[PDB]
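J.: Chains as they are written, first to last, in our numbering: chain A, 1 to 49; chain B, 101 to 149; chain C, 201 to 249. Attaching a single structure in structure tokens format; questions to follow.
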């Protein structure tokens, strides 16, 4: 059904929540904090196909 | 004591088994040092006019 | 979601475009951190209430 197509599009093409390695609360002695992100959104016609 | 239904053997596992439950701060963004010792504080800004 | 640009466009750019026409506006500025929130400060002419 069209609901299945919409659900598949929603799942496969999703936006992942960014994060920060070293965020507070943090382990003792940590000295480096770095943002981290992931890409989950499709960008081309072939990918959607 | 919250019970979770395990997915490997079907056993019941307490929430403490997979996590540590404590009472902490809602956010850890800020900290204060009054005279070189820990404390808390709030900044009060005057009303206009 | 941050994206680092959609905050600038359709949120900050669109807001600032409307701000530009504000009555008795001396200038305006905006600050955005890709991690969290966004701020747009409108500074008005001296003597305005």
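The C-beta atom is built at its ideal place from N, Cα and C for all residues, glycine as well.
Hey, out of A:48, A:19 and A:28, whose CA is closest to residue 34 of chain A's CA?
T.: A:19
J.: From what residue to what residue does the alpha helix (DSSP H) around residue 144 of chain B run?
T.: Segment: none, residue 144 of chain B is in no alpha helix (DSSP H) and carries neither H nor E.
J.: Which residues of chain A have a Cβ atom closer than 9 Å to the Cβ of residue 235 of chain C, listed in chain order?
T.: For residue 235 of chain C, the residues of chain A that pass the 9 Å Cβ criterion are 18, 20 and 35, in the order they occur in the chain.
J.: Answer yes if the region 5 to 17 of chain A comes into contact with the region 109 to 117 of chain B, meaning at least three C-beta pairs across the two stretches below 8 Å, and no otherwise.
T.: no
J.: Under 8 Å, Cβ to Cβ, is there at least one residue of chain F near residue 202 of chain C?
T.: Absent from the structure: chain F. Protein chains present are A, B and C.
J.: Please check if any C-beta of chain C sits within less than 8 Å of the C-beta of residue 15 of chain A.
T.: yes
J.: So the beta strand (DSSP E) residue 32 of chain A belongs to, where does it begin and stop?
T.: Counting along the chain, residue 32 of chain A falls outside any beta strand (DSSP E), and DSSP gives it neither H nor E.
J.: If you follow the alpha helix (DSSP H) that residue 231 of chain C is in, where does it begin and where does it stop?
T.: Note, residue 231 of chain C: premise wrong, no alpha helix (DSSP H); beta strand (DSSP E) at 225 to 232.
J.: Out of C:221, C:231, C:224 and C:227, which has the shortest C-alpha to C-alpha gap to residue 212 of chain C?
T.: C:231
J.: Which value, in whole angstroms, describes the spacing of the CA atoms of residue 102 of chain B and residue 115 of chain B?
T.: 5 Å
J.: Is the beta carbon of residue 205 of chain C sitting closer than 8 Å to the one on residue 226 of chain C?
T.: no
J.: Spatial neighbours of residue 216 of chain C within its chain, please: C-beta separation below 8 Å, excluding the five flanking residues on both sides.
T.: 228, 230 and 240
J.: Looking only at its own chain, which residues have a Cβ that is under 6 Å from the Cβ of residue 66 of chain A, when we skip the five neighbours before and after it?
T.: Outside the displayed range of chain A (1 to 49) lies residue 66 of chain A, so it cannot be described from this structure.
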